[PDB]
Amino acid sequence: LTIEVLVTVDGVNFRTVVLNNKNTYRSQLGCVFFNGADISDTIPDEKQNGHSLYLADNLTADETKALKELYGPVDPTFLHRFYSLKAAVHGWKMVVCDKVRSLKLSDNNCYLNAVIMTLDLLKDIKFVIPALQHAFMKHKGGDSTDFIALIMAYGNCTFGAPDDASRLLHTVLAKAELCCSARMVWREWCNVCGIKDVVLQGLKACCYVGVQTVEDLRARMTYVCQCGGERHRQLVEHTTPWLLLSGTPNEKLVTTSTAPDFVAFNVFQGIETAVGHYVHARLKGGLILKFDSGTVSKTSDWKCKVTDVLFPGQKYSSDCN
């Protein structure tokens, strides 16, 4: 007995393969998923004749190219991992409180809540990888399974293990590009040795690791110059549609009484308590809304360990003397 199946890695391009009912899918074809399950070690059945199969390895040259076109360059384990993640993340739940989407706590996914709620605030970004852009749109439309499974696949997250929200934000945003101009100019100088400018553009101008405030970002740093004198580093121009700043968890008193310019921030709780818990915070209606994995609390003042902080567009040129 034989069957015909349609094999794809992308859900767009299909090849017809004829199989028997003697050997496994694995022996005949490779690692294959159907309707979310790995069926490699089963024997093909009359029932699946004419059906579509998702192939995870052993790909033809055409499939290798379709893979790169939809997913970018990925490691050889990436389809298996994405297809298994997609199956697993399907049993998670997104809730919406006053139109704000949050991921309910399950399987140590609190870092994913922090990542997704932060990416949801960003304007003028598009993913240069088609699968991610397409999933991002579905997520915006209320269907978040693919986008979450993809972030996990690209981020090398192991289902059920805690992970680093800042690391993931930055890996996800490395796959994105800005749909407008942004620019960041650092000047390094010595009054004897001269001046060097470093210019960053696009998304690179909008993220910075190592400070968590615009005041700190813009401050002058000074250290020993190679001439024996002093050398300085300072931000002299900054123009962006938004600005994300990150550092290691840093205890701070956060207050809305001062109408601060940041719009949102993440918090990591309990470093030594078997390494902790992420909470996403937004500033709205004069209060701090704390979104703790599909739960919300409000306060005007909060002492907490801040990690990432989001600011509105910058339009800065430095001025002195």
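Residue positions are given as counts along the sequence shown, with the first one as 1.
J.: Quick one: higher average CA temperature factor, 55-63 or 39-47?
T.: For C-alpha atoms only, the mean B-factor is higher in 39-47.
J.: Out of 74-82 and 185-193, which one has CA B-factors that are higher on average in the deposited record?
T.: Mean CA B-factor is higher for 185-193.
J.: Which one of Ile148, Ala114, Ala161, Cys207 shows the top CA temperature factor in the record?
T.: Highest C-alpha B-factor among the listed options: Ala161.
J.: Can you tell me which of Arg167, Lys126, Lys99, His232 has the maximum CA B-factor listed in the PDB entry?
T.: So the option with the highest C-alpha B-factor is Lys126.
J.: Tell me, lowest, middle or highest third: where does the Cα B factor of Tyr278 rank within its chain?
T.: Its C-alpha B-factor belongs to the middle third of this chain's values.
J.: Hey, what third does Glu237 fall into on Cα B-factor, ranked over its chain?
T.: Within its chain, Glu237 is a middle-third residue by C-alpha B-factor, going by the deposited values.
J.: Test of reading the entry: by CA B factor among the chain's modelled residues, which third contains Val267?
T.: Within its chain, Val267 is a lowest-third residue by C-alpha B-factor, going by the deposited values.
J.: Tell me, lowest, middle or highest third: where does the Cα B factor of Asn108 rank within its chain?
T.: It belongs to the highest third of the chain when residues are ordered by C-alpha B-factor.
J.: Determine, from the deposited record, the chain-internal third of the Cα B-factor for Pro130: lowest, middle or highest.
T.: CA B-factor rank for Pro130: lowest third.
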